[PDB]
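Structure first, then comments.
Computed from heavy atoms alone, side chains included, the values below leave out hydrogens, waters and symmetry copies. Proteins come first, then strands; the chains are lettered A, B, ... in the order of their sequence lines, and each starts at number 1.
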There are 2 protein chains.
Amino acid sequence: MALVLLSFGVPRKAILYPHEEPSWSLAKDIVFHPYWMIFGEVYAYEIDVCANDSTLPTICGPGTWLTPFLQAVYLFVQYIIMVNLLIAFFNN
Amino acid sequence: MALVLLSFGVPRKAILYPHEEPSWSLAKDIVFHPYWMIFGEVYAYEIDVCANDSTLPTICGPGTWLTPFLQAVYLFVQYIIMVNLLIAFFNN
Ligand SMILES: CCCCCCCC/C=C/CCCCCCCC(=O)O[C@@H](COC(=O)CCCCCCCCCCCCCCC)COP(=O)([O-])OCC[N+](C)(C)C
Ligand SMILES: CCCCCCCC/C=C/CCCCCCCC(=O)O[C@@H](COC(=O)CCCCCCCCCCCCCCC)COP(=O)([O-])OCC[N+](C)(C)C
Ligand SMILES: CCCCCCCC/C=C/CCCCCCCC(=O)O[C@@H](COC(=O)CCCCCCCCCCCCCCC)COP(=O)([O-])OCC[N+](C)(C)C
Ligand SMILES: CCCCCCCC/C=C/CCCCCCCC(=O)O[C@@H](COC(=O)CCCCCCCCCCCCCCC)COP(=O)([O-])OCC[N+](C)(C)C
Ligand SMILES: CCCCCCCC/C=C\CCCCCCCC(=O)O[C@@H](COC(=O)CCCCCCCCCCCCCCC)COP(=O)([O-])OCC[N+](C)(C)C
Ligand SMILES: CCCCCCCC/C=C\CCCCCCCC(=O)O[C@@H](COC(=O)CCCCCCCCCCCCCCC)COP(=O)([O-])OCC[N+](C)(C)C
Ligand SMILES: C[C@@H]1CC[C@@]2(OC1)O[C@H]1C[C@H]3[C@@H]4CC=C5C[C@@H](OCCC(CO)CO)CC[C@]5(C)[C@H]4CC[C@]3(C)[C@H]1[C@@H]2C
Ligand SMILES: C[C@@H]1CC[C@@]2(OC1)O[C@H]1C[C@H]3[C@@H]4CC=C5C[C@@H](OCCC(CO)CO)CC[C@]5(C)[C@H]4CC[C@]3(C)[C@H]1[C@@H]2C
Ligand code: NA
Ligand code: NA
């Protein structure tokens with residue numbers, strides 16, 4: 001699960017924040033939102049940053065249309081597969 | 001589950017957005033919000049678009065009172081039936 005989290009977090013930050021200098025905040029930002037997604041927070045108004053109802057209108061830029069596809073895959077893997085594998089692990 | 005998603009998404013968009021011209025955004029809008037509903041996002045202030053606390057007051061129009069009934073059925077089928085069938089699948 002931790003690996004799936006990073007496999008999503010790193011591309012998301014890289015696509016949405018392409019003009020960043022090196023900083024330890026990068027370590028926070030690749031792990032922070034992907035973790036809270038496991039616990040029922042999809043960040044609904046940040047998914048499509050170029051939509052009218054977006055809370056991140058300044059992040060709208062080239063390639064940002066990729067991040068909803070990434071997040072859709074991420075949560076499928078975490079909830080539909082990995083959370084329920086863990087339920088099945090504990091039941092058995 | 002993907003079929004249940006479309007069975008909800010298409011009516012929702014059609015009832016709430018009746019004055020749309022053909023566009024590929026239609027493909028996004030029939031699948032987008034119904035998918036994020038699977039992962040704990042009910043879009044609480046968009047359900048009844050004619051309420052005072054609604055975030056979509058301009059969408060208020062004829063027939064829009066139908067969409068809460070549709071969404072109530074949709075989530076019953078997805079969480080109460082289909083998510084727990086999948087848990088039962090993995091356990092067994
Ligand atoms: C069942 C329901 C679905 C039906 C499916 C039919 C598919 C039809 C395909 C339609 C694609 C064309 C639509 C957009 C028109 C082109 C220009 C455009 O507006 O681009 C938009 C983004 O989107 C893109 O740039 C490309 C999107 C391609 C992926 C679409 C899904 C492909 C099928 C599934 C793939 C999964 C794998 C499938 C195989 C397993 C621009 O949007 P923006 O982000 O707001 O950018 C503007 C702002 N900016 C200038 C600052 C950036
Ligand atoms: C292997 C399985 C494959 C699954 C199916 C294939 C995948 C789904 C196919 C979808 C069709 C493709 C949509 C193209 C729309 C183009 C419109 C556009 O301008 O850009 C959009 C595309 O950019 C995005 O970022 C949104 C992409 C949709 C993500 C869907 C994730 C949910 C997965 C669902 C999976 C369940 C599937 C259910 C069963 C079918 C973004 O719009 P915008 O940024 O707001 O642009 C400004 C526009 N405005 C000014 C009007 C606001
Ligand atoms: C246990 C607790 C529940 C008790 C049940 C008792 C039921 C009593 C029934 C009451 C119906 C009458 C109430 C509304 C008065 C009529 C006019 C009105 O205000 O309409 C409102 C909408 O609603 C409708 O237009 C019709 C709603 C009908 C469905 C109600 C549920 C029926 C039972 C269950 C059905 C499920 C299946 C059942 C069988 C299995 C207008 O609201 P709006 O959207 O804000 O529109 C105004 C704005 N606009 C002008 C822009 C549009
Ligand atoms: C098979 C099983 C059947 C289940 C029971 C039957 C179903 C439930 C029956 C409900 C009674 C019917 C309500 C009528 C109210 C009319 C009022 C009105 O003006 O319009 C409203 C009706 O329009 C809507 O869109 C809301 C409809 C309620 C959806 C309920 C979904 C939850 C299901 C629950 C299932 C669990 C049931 C629990 C066990 C009983 C909308 O109001 P508005 O748009 O804000 O209008 C402006 C008003 N304002 C100015 C004041 C803001
Ligand atoms: C493997 C398939 C090969 C690829 C082709 C087939 C894929 C679909 C077809 C084509 C791709 C989508 C084309 C539409 C977008 C082009 C327009 C555009 O500029 O869009 C954006 C950039 O977009 C890019 O720069 C394109 C990046 C593509 C990355 C690869 C896609 C993943 C394919 C994996 C597929 C696996 C499916 C799932 C697994 C089953 C927006 O840029 P802009 O905002 O206009 O720029 C202005 C910037 N300025 C304001 C700063 C000046
Ligand atoms: C099958 C039973 C037969 C149907 C009748 C009995 C059903 C129960 C009750 C009654 C039906 C609803 C009547 C109340 C609303 C009327 C007032 C009105 O205008 O409302 C709206 C429109 O509404 C319509 O145009 C009505 C659409 C009905 C669709 C069918 C209902 C589903 C029945 C399935 C039942 C299955 C139960 C679940 C399964 C167990 C609001 O319009 P407006 O905003 O005022 O318009 C102004 C527009 N302007 C501003 C642009 C000018
Ligand atoms: C298997 C995993 C692959 C991914 C990964 O883990 C292992 O690989 C690690 C490499 C790390 C970076 C290395 C060096 C620096 C330079 C530093 O420069 C100070 C700048 C400023 C501070 O404010 C001075 O004022 C800032 C931090 C940064 C960019 C690291 C960020 C985290 C990264 C990307 C880690 C990431 C989580
Ligand atoms: C089993 C499922 C039943 C439902 C469904 O899948 C299979 O059936 C598909 C038919 C599709 C539409 C066909 C043609 C067009 C015309 C095009 O015209 C360019 C306009 C503009 C673009 O910006 C030019 O500038 C826009 C797209 C649109 C309306 C399609 C939308 C998606 C639809 C509704 C699909 C839907 C998900
Ligand atoms: Na939740
Ligand atoms: Na939640």
Side-chain angles (χ1 to χ4, degrees), chain A residues 4-79, chain B residues 5-6 8-61 64 67-68 70-71 74-75 78:
Chain A
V4 172
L5 190 152
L6 293 169
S7 304
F8 173 54
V10 172
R12 180 183 188 272
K13 181 67 180 177
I15 293 166
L16 296 173
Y17 293 91
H19 295 97
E20 293 295 323
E21 295 295 327
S23 65
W24 293 104
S25 67
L26 293 174
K28 183 256 183 71
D29 291 329
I30 58 170
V31 72
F32 189 76
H33 287 171
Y35 187 76
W36 303 115
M37 285 178 194
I38 296 163
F39 301 104
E41 181 57 26
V42 301
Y43 291 94
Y45 294 104
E46 299 179 355
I47 302 167
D48 189 359
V49 299
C50 290
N52 295 118
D53 62 355
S54 176
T55 57
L56 296 173
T58 58
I59 303 302
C60 183
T64 59
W65 63 268
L66 287 162
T67 56
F69 293 104
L70 297 177
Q71 190 180 343
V73 175
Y74 174 61
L75 290 178
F76 187 86
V77 176
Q78 295 292 79
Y79 286 5
Chain B
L5 190 152
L6 293 169
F8 173 54
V10 172
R12 180 183 188 272
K13 181 67 180 177
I15 293 166
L16 296 173
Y17 293 91
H19 295 97
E20 293 295 323
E21 295 295 327
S23 65
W24 293 104
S25 67
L26 293 174
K28 183 256 183 71
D29 291 328
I30 58 170
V31 72
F32 189 76
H33 287 171
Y35 187 76
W36 303 115
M37 285 178 194
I38 296 163
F39 301 104
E41 181 57 26
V42 301
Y43 292 94
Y45 294 104
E46 299 179 355
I47 302 168
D48 189 359
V49 299
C50 290
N52 295 118
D53 62 354
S54 176
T55 57
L56 296 173
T58 58
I59 303 302
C60 183
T64 59
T67 56
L70 297 177
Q71 190 180 343
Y74 174 61
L75 290 178
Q78 295 292 79

Worksheet item: For the side chain of A/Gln71 and the backbone of A/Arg12, is there at least one donor-acceptor N/O pair under 3.5 Å apart?
Response: no
Fill in: Shortest non-hydrogen contact from A/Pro11 toward A/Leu70
CB-CD1, 4.0 Å
Discussion item. In the structure I gave you, are the side-chain heavy atoms of B/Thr55 and A/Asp53 within less than 4.5 Å of one another anywhere?
Written reply: no
Discussion item. Is there a side-chain contact between B/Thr64 and B/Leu16 in this structure, where contact means two heavy atoms from C-beta onward sitting under 4.5 Å apart?
Written reply: yes
Item to complete: Please tell me if the side chains of A/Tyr45 and A/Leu56 come closer than 4.5 Å, counting only heavy atoms from C-beta onward.
Response: no
Worksheet item: A/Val77 versus A/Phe8: any side-chain heavy-atom pair under 4.5 Å?
Response: no
Worksheet entry | Residue pair A/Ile15 / A/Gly63: nearest heavy atoms and the distance that separates them | CG2-O, 3.2 Å
Fill in: Derivation of the side-chain contact (heavy atoms from CB on, under 4.5 Å) call for A/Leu5 and A/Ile38
CA-CA 9 Å; A/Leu5 190 152; A/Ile38 296 163; 4.1 Å; yes
Discussion item. Classify the ring geometry of A/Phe32 against A/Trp36: parallel below 30°, tilted from 30° to 60°, perpendicular beyond 60°.
Written reply: perpendicular
Worksheet item: When rounded to the nearest 0.5 angstrom, what distance separates CD in A/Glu21 from CG in A/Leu26?
Response: 10.0 Å
Fill in: Short side-chain to backbone donor-acceptor contact, B/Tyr35 and A/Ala72, under 3.5 Å
yes
Fill in: B/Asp29 side chain near B/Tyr17 side chain, heavy-atom distance below 4.5 Å
no
Worksheet item: So, for A/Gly61 and A/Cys50, which heavy atoms are closest and what is the spacing to 0.1 Å?
Response: N-SG, 3.9 Å
Worksheet item: Between the side chain of A/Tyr79 and the main-chain N/O of A/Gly40, is any donor-acceptor distance below 3.5 Å?
Response: yes
Fill in: Which atom of B/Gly9 lies closest to which atom of B/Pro34, heavy atoms considered
CA-CG, 3.8 Å
Fill in: Residues, nucleotides or ligands: over 12 heavy atoms within 6.0 Å of A/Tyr43 OH
yes
